[PDB]
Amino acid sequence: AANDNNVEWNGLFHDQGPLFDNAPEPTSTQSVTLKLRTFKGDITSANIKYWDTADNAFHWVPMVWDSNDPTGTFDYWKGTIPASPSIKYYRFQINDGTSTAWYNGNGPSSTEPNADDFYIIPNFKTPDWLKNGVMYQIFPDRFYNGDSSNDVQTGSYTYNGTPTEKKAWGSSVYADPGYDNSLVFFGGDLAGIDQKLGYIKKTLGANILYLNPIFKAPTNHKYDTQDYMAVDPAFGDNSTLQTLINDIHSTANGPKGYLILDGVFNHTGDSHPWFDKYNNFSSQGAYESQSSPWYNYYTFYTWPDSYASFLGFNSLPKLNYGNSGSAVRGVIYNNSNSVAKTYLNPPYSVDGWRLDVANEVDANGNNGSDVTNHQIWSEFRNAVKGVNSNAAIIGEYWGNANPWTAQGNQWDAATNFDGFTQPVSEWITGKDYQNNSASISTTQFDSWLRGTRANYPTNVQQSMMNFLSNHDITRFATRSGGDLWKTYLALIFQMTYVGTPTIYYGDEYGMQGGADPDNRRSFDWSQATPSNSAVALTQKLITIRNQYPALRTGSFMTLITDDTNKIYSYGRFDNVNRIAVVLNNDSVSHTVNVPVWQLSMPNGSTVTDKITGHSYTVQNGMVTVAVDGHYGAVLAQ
């Protein structure tokens, strides 16, 4: 490069990883020093342009040359945004004589962008264990039956007229005639999770457990809460939960573990005593009496039979959050004995909440995504973080969750349907996550990923819950048509991408399943061994991620987007390590010249492919690696 009236886009880089930003989670008193990479000698001037929410105006910080990289290929220019409490957004203007380029969260642009600026959110922290962890999601009825004495039997009880049905382990999940899919039980429980912690924490190596709902409720899914303050008897009692938590937290059985519970706060079940539609309690619920102590916890259009409910399901009456200081806000999060605080305080001390349909939570029967919804989650954050600043808050939302994350006042992160599950599904399987036809190329995949990362502050990106499948979509292995190699590829991407890798129980061995309820099959402990190739790969990949901070909190740089050969390569890198991931999404093998010079891997240095164990030497800026179809290499130094 030279001063030639031309900014060379391929040399440009910035993100908020360690090489480029000295304070990615600054306080009010920490200034933010930013570095912008260019090719050596490429430019004449560069400027940081930042919007300051303190004065609703743009501010200009000229950059200065700072240094070269060790290979002598690049310059770094630097400038500092001053310390203050205010949220700020920034982009770069980059000039080489008569050539100008702009650069922000969406990368380079010839014209000045008006969206996707980088974020500075003073005093906003997401928990570092969440950024650095690997999560395992368990739907508790279907994982392991550690105690047969608590099992729901066929006809143990009835709910809204229908008796319960028990199934043998391994059998089909669908309800036989006279029964209901929501009242089918296999007997999985908290004792079972506890007894299989070795598998989770050592055989795989995941350090975060996320459970679907575990509180008293009549269904197998337990989103229709009857008692938030009791573990459902089928799963155990509150002492069983305490034991499970102690064993998760223990460092004597593997790494220190964390537990995230499913917080179902938009609605209760119709059998909750506050509502009590079937008269299961001597108290008078809102359905039973307009003088009920809890009458104003719900919203009636025509009392008693027409009320606000989740997706119009009469079994899920919607909670009325009212105004600040309301009794409902009290019982859910403000009170010390609230649902949220009870489990965060001793003697439970759980590590976070996954917020079910969190966008819907509101007052007056409204459907959220509004001022009141956001106010509620701001209060919720204060409540949660006041008890435990390292308790995680992850909201369920299927789109761009910017409105609940990018002011640093609400969630730490969200369920990454839009930025992970969907684009991974369409790239690898040619299906959307509901198993309908929707395919994207590699260039499209890369673009989709970048634009969705740019929706979020960096700490939030790093804390996103990144799952291949979950309890509300079709299984990845069904979308893949049973091709185990498509799972291998998906796992390698998952374990080296930005955000918390989250394994939906059984995805690590290739479990199949269509729509709900078929995405909740029981777990096979024989198929759950290193003899299954996907399980062995998962263990290896978790070990790799845990070895390299660059994979969890490093920069992300696209290296190759090859639509001909279906090769995607990207780098993860920080001050210590440089890692080039090379993915082959074709059905045939390809030999790839990986441009590791882009990560400043020096000529003559070596990398190891952590997938196979083979070593390679860097020559003329390149590493040449052969990659099987639907597979990948993780070239680390």
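We number the residues from 1 along the sequence you see.
Judged by mean Cα B factor in the deposited record, 584 to 592 ranks above the other of 584 to 592 and 36 to 44.
When the two stretches 142 to 150 and 292 to 300 are set side by side, the higher mean Cα temperature factor goes to 142 to 150. Sorting 326, 494, 400, 251 by the CA temperature factor given in the entry leaves 251 at the top. Considering 137, 425, 240, 409 together, the PDB entry gives 240 the largest C-alpha B factor. In the deposited entry, the Cα temperature factor of residue 112 sits in the middle third of values across the chain's modelled residues. Per the PDB record, residue ranking by Cα B-factor puts residue 76 in the middle third of the chain.
Residue 612: CA B factor lies in the highest third for its chain, per the PDB record. Per the PDB record, residue ranking by Cα B-factor puts residue 550 in the middle third of the chain. Annotation for residue 471: C-alpha temperature factor in the middle third relative to the rest of the modelled chain, per the entry.
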